[PDB]
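To keep things clear, I will list the structure first and then write my remarks on it.
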There are 2 protein chains.
Amino acid sequence: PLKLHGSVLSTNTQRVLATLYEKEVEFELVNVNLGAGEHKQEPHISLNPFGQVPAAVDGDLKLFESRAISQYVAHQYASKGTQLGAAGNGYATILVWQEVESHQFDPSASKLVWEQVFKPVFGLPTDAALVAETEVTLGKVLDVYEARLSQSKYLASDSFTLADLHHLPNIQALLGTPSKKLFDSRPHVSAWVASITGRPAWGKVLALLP
Amino acid sequence: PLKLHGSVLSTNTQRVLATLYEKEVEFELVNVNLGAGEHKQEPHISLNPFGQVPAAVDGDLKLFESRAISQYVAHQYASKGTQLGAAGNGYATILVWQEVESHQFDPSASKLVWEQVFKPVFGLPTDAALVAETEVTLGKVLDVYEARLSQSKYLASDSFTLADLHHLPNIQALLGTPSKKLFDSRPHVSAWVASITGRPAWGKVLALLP
Ligand SMILES: N[C@@H](CCC(=O)N[C@@H](CS)C(=O)NCC(=O)O)C(=O)O
Ligand SMILES: N[C@@H](CCC(=O)N[C@@H](CS)C(=O)NCC(=O)O)C(=O)O
Ligand SMILES: [Mg+2]
Ligand SMILES: [Mg+2]
């Protein structure tokens, strides 16, 4: 089986878990104790040299960066499970919205999740000033999404693709925060969020969040 | 021909130009006047709804995000020009180092380029403190690169790939700044920078910069 080295409470690990479940790929989770700094020790730093989770080993291949592992699973196991790709030249528009997720959505979203979800469990107060200004940026991104999702059922096409999937971990995390209002207030975004978070493969990830 | 809507002074536009020249794809530049704010006007905001450059139109396909356009060009025109992919499972490691470029390198490299190259052009001041701090961050990234490039001639394989190519615009821009020392002091990184910036396709990009 594919071996996924990370943590169930890591959003970036969650991203890969989602793909693995969509693609029905056999795998085992190898736990990395983040509090203990294992992600900064050996062997984990031999699998991800930046000292981050997740990494993965599949046969003779070792991989890191969640979106790379995700895309690798979706290609390598394409014939199994959910079809996360598109026909013909549709792949190009999946690339576009994958890169929107990486470069437009994620910087703001991740920061919001750090400030509101992770920092509190470590006893650190949320930087509300940073949250406010970061929500401005994210609202502007989601206004673009609201327009897109008025024309297309999902971001890259009228079907669920990896472009949508890569959004799941931070969108889920934000639903548990006052940033949920950014999603609720945009009616196509809201329904799209309901659609992606309601998927069975994502429910399997959520099962793993105590 | 492919229409590339952007500016040669834009690093993200340069990233696409590099792939277009490597792949020997006929294209025409459609200049977008950033100083006049055309990237925030129609029709450009119908091509890139985030009001950024570049965007591209290839026949009936419209695309934005430089790395999406770039990877589209490399796949769609794979048989032409330089081979930017790898055989077998090698694609997976290309994805890894593409994502490293997007998530590990680009944030601090882009910030250094903004502070030292773009602000001076404008009427904004170079924040020396933030430059120092951000050089610490980039230096640590490039320490990982040095280790990688000690084992592999290029980042994803022993051959030039899109993972390398996507670094060109910000690396070139930093060579014209004192951040050049971060590359000069790391010998495998230095030779790799020499190897990629010395390519004919990159020279064709630089030829467009007055
Ligand atoms: N861009 C990477 C980021 C991975 C990442 O930041 N993971 C977090 C856990 S969610 C981590 O390991 N943080 C520890 C650190 O940065 O030192 C990916 O997508 O895999
Ligand atoms: N992630 C995007 C970034 C594009 C980008 O930021 N372009 C700059 C010029 S290099 C821009 O258009 N700036 C105007 C703005 O952000 O308002 C890409 O790779 O294409
Ligand atoms: Mg509607
Ligand atoms: Mg050596």
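Here's how to read the names in the structure tokens: chain A, B, ... by the order shown, residue numbers from 1 in each chain, ligand numbers from 1 in the order shown.
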Any idea which chain A residues end up within 9 Å of chain B if we count only C-alpha atoms, as a VMD selection string please?
-> chain A and resid 49 to 50 61 to 69 71 to 72 76 89 91 to 100 102 to 104 140 to 141 144
Kindly export the residues of the current selection with C-alpha atoms, as a CSV table (one decimal), in the first residue's frame.
```
chain,number,residue,atom,x,y,z
A,49,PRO,CA,13.3,18.0,3.2
A,50,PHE,CA,11.4,21.2,4.2
A,61,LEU,CA,8.7,6.7,-5.3
A,62,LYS,CA,9.0,9.2,-2.5
A,63,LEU,CA,7.0,12.4,-2.8
A,64,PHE,CA,6.1,15.5,-0.9
A,65,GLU,CA,4.0,18.7,-1.2
A,66,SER,CA,0.3,17.8,-0.8
A,67,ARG,CA,-0.9,19.0,-4.2
A,68,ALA,CA,1.9,17.0,-5.9
A,69,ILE,CA,1.0,13.8,-4.0
A,71,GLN,CA,-2.1,15.0,-8.5
A,72,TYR,CA,0.1,11.9,-8.5
A,76,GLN,CA,-1.3,7.1,-11.2
A,89,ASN,CA,-8.5,19.8,-23.3
A,91,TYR,CA,-7.3,19.4,-18.2
A,92,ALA,CA,-6.1,22.9,-18.9
A,93,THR,CA,-8.9,24.6,-17.0
A,94,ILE,CA,-8.4,22.2,-14.1
A,95,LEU,CA,-4.8,23.5,-14.1
A,96,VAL,CA,-6.1,27.0,-14.0
A,97,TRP,CA,-8.3,26.6,-11.0
A,98,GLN,CA,-5.6,24.4,-9.2
A,99,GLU,CA,-3.3,27.3,-9.5
A,100,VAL,CA,-6.0,29.7,-8.3
A,102,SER,CA,-2.6,27.6,-4.7
A,103,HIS,CA,-1.9,31.2,-5.4
A,104,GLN,CA,-5.2,33.2,-4.8
A,140,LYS,CA,-12.4,39.5,-2.9
A,141,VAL,CA,-11.2,36.1,-4.0
A,144,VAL,CA,-14.4,36.0,-8.2
```
Secondary structure check, strand (DSSP E or B) residues of stretch 33-210 of chain A, as a list in words = residues 55, 56, 57, 58, 61, 62, 63 and 64 of chain A
Put those residues in a file: C-alpha atoms, as a PDB file, in the first residue's frame.
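New file out-v2.pdb:
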```
ATOM      1  CA  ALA A  55       5.059  13.054   2.500  1.00  0.00           C
ATOM      2  CA  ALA A  56       4.361   9.781   0.763  1.00  0.00           C
ATOM      3  CA  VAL A  57       6.081   6.582  -0.325  1.00  0.00           C
ATOM      4  CA  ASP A  58       4.527   4.474  -3.059  1.00  0.00           C
ATOM      5  CA  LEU A  61       8.725   6.679  -5.300  1.00  0.00           C
ATOM      6  CA  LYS A  62       8.961   9.187  -2.482  1.00  0.00           C
ATOM      7  CA  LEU A  63       6.995  12.396  -2.795  1.00  0.00           C
ATOM      8  CA  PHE A  64       6.142  15.526  -0.851  1.00  0.00           C
TER       9      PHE A  64
END
```
Would you name the residues within 12 Å of ligand 3, counting only C-alpha atoms and all ligand atoms, and put them as a VMD selection string?
-> chain A and resid 146 to 153 186 to 192
Please produce an output containing C-alpha atoms for each residue in the selection, written as a PDB file, in the first residue's frame.
```pdb
ATOM      1  CA  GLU A 146     -19.145  33.580  -6.893  1.00  0.00           C
ATOM      2  CA  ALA A 147     -19.049  34.812 -10.496  1.00  0.00           C
ATOM      3  CA  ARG A 148     -17.336  31.625 -11.724  1.00  0.00           C
ATOM      4  CA  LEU A 149     -19.648  29.318  -9.897  1.00  0.00           C
ATOM      5  CA  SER A 150     -22.622  31.178 -11.394  1.00  0.00           C
ATOM      6  CA  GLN A 151     -21.381  29.988 -14.841  1.00  0.00           C
ATOM      7  CA  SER A 152     -19.924  26.573 -13.928  1.00  0.00           C
ATOM      8  CA  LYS A 153     -21.245  24.027 -11.409  1.00  0.00           C
ATOM      9  CA  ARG A 186     -22.225  34.187  -1.451  1.00  0.00           C
ATOM     10  CA  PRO A 187     -25.001  31.924  -2.605  1.00  0.00           C
ATOM     11  CA  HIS A 188     -23.235  29.893  -5.397  1.00  0.00           C
ATOM     12  CA  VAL A 189     -20.098  29.603  -3.270  1.00  0.00           C
ATOM     13  CA  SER A 190     -22.244  28.425  -0.363  1.00  0.00           C
ATOM     14  CA  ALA A 191     -23.912  25.696  -2.405  1.00  0.00           C
ATOM     15  CA  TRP A 192     -20.595  24.643  -3.939  1.00  0.00           C
TER      16      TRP A 192
END
```
Can you list, as a PyMOL selection string, every protein, DNA or RNA residue that comes within 9 Å of residue A:10 when you count only C-alpha atoms, leaving out same-chain residues fewer than 6 positions away?
-> chain A and resi 53-54+169
Identify, on the basis of only C-alpha atoms, every residue whose closest approach to residue A:23 does not exceed 12 Å; exclude the query and any residue fewer than 2 positions from it along the same chain; express the result as a PDB file with N, CA, C and O atoms, in the first residue's frame.
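As a result, result_38.pdb now contains:
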```pdb
ATOM      1  N   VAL A  16      -4.461  15.271   0.868  1.00  0.00           N
ATOM      2  CA  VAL A  16      -4.110  14.017   0.226  1.00  0.00           C
ATOM      3  C   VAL A  16      -5.035  12.872   0.616  1.00  0.00           C
ATOM      4  O   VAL A  16      -5.414  12.069  -0.241  1.00  0.00           O
ATOM      5  N   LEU A  17      -5.476  12.860   1.866  1.00  0.00           N
ATOM      6  CA  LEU A  17      -6.423  11.846   2.332  1.00  0.00           C
ATOM      7  C   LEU A  17      -7.706  11.904   1.500  1.00  0.00           C
ATOM      8  O   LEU A  17      -8.221  10.872   1.068  1.00  0.00           O
ATOM      9  N   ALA A  18      -8.164  13.119   1.210  1.00  0.00           N
ATOM     10  CA  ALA A  18      -9.340  13.280   0.359  1.00  0.00           C
ATOM     11  C   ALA A  18      -9.173  12.617  -1.021  1.00  0.00           C
ATOM     12  O   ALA A  18     -10.046  11.874  -1.505  1.00  0.00           O
ATOM     13  N   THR A  19      -8.058  12.885  -1.693  1.00  0.00           N
ATOM     14  CA  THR A  19      -7.812  12.251  -2.977  1.00  0.00           C
ATOM     15  C   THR A  19      -7.706  10.718  -2.848  1.00  0.00           C
ATOM     16  O   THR A  19      -8.219   9.988  -3.682  1.00  0.00           O
ATOM     17  N   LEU A  20      -6.997  10.244  -1.841  1.00  0.00           N
ATOM     18  CA  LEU A  20      -6.853   8.840  -1.680  1.00  0.00           C
ATOM     19  C   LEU A  20      -8.228   8.159  -1.541  1.00  0.00           C
ATOM     20  O   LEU A  20      -8.478   7.138  -2.152  1.00  0.00           O
ATOM     21  N   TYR A  21      -9.089   8.759  -0.749  1.00  0.00           N
ATOM     22  CA  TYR A  21     -10.444   8.219  -0.569  1.00  0.00           C
ATOM     23  C   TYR A  21     -11.286   8.332  -1.865  1.00  0.00           C
ATOM     24  O   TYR A  21     -11.988   7.381  -2.213  1.00  0.00           O
ATOM     25  N   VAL A  25      -7.886   4.297  -3.223  1.00  0.00           N
ATOM     26  CA  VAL A  25      -6.535   3.735  -3.260  1.00  0.00           C
ATOM     27  C   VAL A  25      -6.224   3.168  -1.892  1.00  0.00           C
ATOM     28  O   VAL A  25      -6.493   3.798  -0.882  1.00  0.00           O
ATOM     29  N   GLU A  26      -5.682   1.948  -1.864  1.00  0.00           N
ATOM     30  CA  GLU A  26      -5.234   1.346  -0.612  1.00  0.00           C
ATOM     31  C   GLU A  26      -4.042   2.110  -0.064  1.00  0.00           C
ATOM     32  O   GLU A  26      -3.074   2.344  -0.781  1.00  0.00           O
ATOM     33  N   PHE A  27      -4.103   2.478   1.207  1.00  0.00           N
ATOM     34  CA  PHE A  27      -2.994   3.187   1.836  1.00  0.00           C
ATOM     35  C   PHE A  27      -2.988   2.972   3.327  1.00  0.00           C
ATOM     36  O   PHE A  27      -3.978   2.537   3.938  1.00  0.00           O
ATOM     37  N   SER A  70      -1.260  14.603  -4.267  1.00  0.00           N
ATOM     38  CA  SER A  70      -2.651  14.506  -4.742  1.00  0.00           C
ATOM     39  C   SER A  70      -2.755  14.271  -6.242  1.00  0.00           C
ATOM     40  O   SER A  70      -3.455  13.365  -6.689  1.00  0.00           O
ATOM     41  N   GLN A  71      -2.068  15.103  -7.023  1.00  0.00           N
ATOM     42  CA  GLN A  71      -2.122  14.975  -8.469  1.00  0.00           C
ATOM     43  C   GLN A  71      -1.534  13.634  -8.918  1.00  0.00           C
ATOM     44  O   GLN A  71      -2.078  12.983  -9.841  1.00  0.00           O
ATOM     45  N   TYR A  72      -0.454  13.208  -8.257  1.00  0.00           N
ATOM     46  CA  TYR A  72       0.144  11.900  -8.540  1.00  0.00           C
ATOM     47  C   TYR A  72      -0.894  10.772  -8.310  1.00  0.00           C
ATOM     48  O   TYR A  72      -1.059   9.918  -9.173  1.00  0.00           O
ATOM     49  N   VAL A  73      -1.620  10.804  -7.201  1.00  0.00           N
ATOM     50  CA  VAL A  73      -2.604   9.751  -6.937  1.00  0.00           C
ATOM     51  C   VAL A  73      -3.692   9.754  -8.014  1.00  0.00           C
ATOM     52  O   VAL A  73      -4.143   8.711  -8.475  1.00  0.00           O
ATOM     53  N   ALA A  74      -4.117  10.944  -8.413  1.00  0.00           N
ATOM     54  CA  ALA A  74      -5.219  11.050  -9.359  1.00  0.00           C
ATOM     55  C   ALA A  74      -4.841  10.538 -10.752  1.00  0.00           C
ATOM     56  O   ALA A  74      -5.718  10.014 -11.466  1.00  0.00           O
ATOM     57  N   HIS A  75      -3.573  10.740 -11.168  1.00  0.00           N
ATOM     58  CA  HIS A  75      -3.052  10.229 -12.438  1.00  0.00           C
ATOM     59  C   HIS A  75      -2.687   8.770 -12.375  1.00  0.00           C
ATOM     60  O   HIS A  75      -3.103   7.987 -13.243  1.00  0.00           O
ATOM     61  N   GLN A  76      -1.917   8.410 -11.347  1.00  0.00           N
ATOM     62  CA  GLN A  76      -1.340   7.069 -11.238  1.00  0.00           C
ATOM     63  C   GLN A  76      -2.459   6.021 -11.087  1.00  0.00           C
ATOM     64  O   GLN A  76      -2.343   4.910 -11.587  1.00  0.00           O
ATOM     65  N   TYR A  77      -3.559   6.404 -10.456  1.00  0.00           N
ATOM     66  CA  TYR A  77      -4.659   5.496 -10.185  1.00  0.00           C
ATOM     67  C   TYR A  77      -5.946   5.961 -10.880  1.00  0.00           C
ATOM     68  O   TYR A  77      -7.065   5.725 -10.396  1.00  0.00           O
ATOM     69  N   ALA A  78      -5.771   6.616 -12.012  1.00  0.00           N
ATOM     70  CA  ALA A  78      -6.856   7.304 -12.720  1.00  0.00           C
ATOM     71  C   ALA A  78      -8.083   6.408 -12.929  1.00  0.00           C
ATOM     72  O   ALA A  78      -9.227   6.863 -12.788  1.00  0.00           O
ATOM     73  N   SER A  79      -7.860   5.142 -13.261  1.00  0.00           N
ATOM     74  CA  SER A  79      -8.995   4.276 -13.609  1.00  0.00           C
ATOM     75  C   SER A  79      -9.845   3.867 -12.407  1.00  0.00           C
ATOM     76  O   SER A  79     -10.955   3.406 -12.590  1.00  0.00           O
ATOM     77  N   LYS A  80      -9.352   4.035 -11.185  1.00  0.00           N
ATOM     78  CA  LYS A  80     -10.100   3.674  -9.997  1.00  0.00           C
ATOM     79  C   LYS A  80     -10.954   4.811  -9.458  1.00  0.00           C
ATOM     80  O   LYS A  80     -10.579   5.985  -9.521  1.00  0.00           O
ATOM     81  N   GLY A  81     -12.082   4.462  -8.854  1.00  0.00           N
ATOM     82  CA  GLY A  81     -12.850   5.448  -8.124  1.00  0.00           C
ATOM     83  C   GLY A  81     -13.320   6.625  -8.939  1.00  0.00           C
ATOM     84  O   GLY A  81     -13.624   6.511 -10.126  1.00  0.00           O
ATOM     85  N   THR A  82     -13.401   7.768  -8.265  1.00  0.00           N
ATOM     86  CA  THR A  82     -13.897   8.990  -8.866  1.00  0.00           C
ATOM     87  C   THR A  82     -13.028   9.490  -9.992  1.00  0.00           C
ATOM     88  O   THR A  82     -11.831   9.547  -9.883  1.00  0.00           O
ATOM     89  N   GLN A  83     -13.646   9.947 -11.074  1.00  0.00           N
ATOM     90  CA  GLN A  83     -12.864  10.551 -12.149  1.00  0.00           C
ATOM     91  C   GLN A  83     -12.596  12.042 -11.828  1.00  0.00           C
ATOM     92  O   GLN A  83     -13.498  12.853 -11.863  1.00  0.00           O
ATOM     93  N   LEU A  84     -11.360  12.357 -11.437  1.00  0.00           N
ATOM     94  CA  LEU A  84     -10.989  13.701 -10.970  1.00  0.00           C
ATOM     95  C   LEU A  84     -10.377  14.573 -12.058  1.00  0.00           C
ATOM     96  O   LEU A  84      -9.935  15.725 -11.804  1.00  0.00           O
ATOM     97  N   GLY A  85     -10.375  14.016 -13.262  1.00  0.00           N
ATOM     98  CA  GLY A  85      -9.816  14.663 -14.421  1.00  0.00           C
ATOM     99  C   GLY A  85     -10.968  15.005 -15.298  1.00  0.00           C
ATOM    100  O   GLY A  85     -12.126  14.841 -14.913  1.00  0.00           O
ATOM    101  N   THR A 161     -13.593  18.222  -9.624  1.00  0.00           N
ATOM    102  CA  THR A 161     -12.239  17.870 -10.037  1.00  0.00           C
ATOM    103  C   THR A 161     -11.273  18.189  -8.901  1.00  0.00           C
ATOM    104  O   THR A 161     -11.674  18.701  -7.865  1.00  0.00           O
ATOM    105  N   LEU A 162     -10.000  17.888  -9.128  1.00  0.00           N
ATOM    106  CA  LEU A 162      -8.962  18.166  -8.160  1.00  0.00           C
ATOM    107  C   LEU A 162      -8.917  19.667  -7.803  1.00  0.00           C
ATOM    108  O   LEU A 162      -8.554  20.043  -6.714  1.00  0.00           O
ATOM    109  N   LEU A 165     -11.355  19.835  -5.055  1.00  0.00           N
ATOM    110  CA  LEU A 165     -10.893  18.996  -3.940  1.00  0.00           C
ATOM    111  C   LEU A 165      -9.824  19.705  -3.100  1.00  0.00           C
ATOM    112  O   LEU A 165      -9.901  19.687  -1.875  1.00  0.00           O
ATOM    113  N   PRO A 200     -18.943  11.777   0.091  1.00  0.00           N
ATOM    114  CA  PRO A 200     -18.524  10.682   0.966  1.00  0.00           C
ATOM    115  C   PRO A 200     -17.036  10.565   1.240  1.00  0.00           C
ATOM    116  O   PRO A 200     -16.667  10.194   2.368  1.00  0.00           O
ATOM    117  N   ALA A 201     -16.196  10.846   0.243  1.00  0.00           N
ATOM    118  CA  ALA A 201     -14.753  10.722   0.469  1.00  0.00           C
ATOM    119  C   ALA A 201     -14.315  11.743   1.478  1.00  0.00           C
ATOM    120  O   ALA A 201     -13.445  11.469   2.304  1.00  0.00           O
ATOM    121  N   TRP A 202     -14.898  12.951   1.406  1.00  0.00           N
ATOM    122  CA  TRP A 202     -14.568  13.949   2.408  1.00  0.00           C
ATOM    123  C   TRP A 202     -15.124  13.573   3.783  1.00  0.00           C
ATOM    124  O   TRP A 202     -14.483  13.840   4.808  1.00  0.00           O
TER     125      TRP A 202
END
```
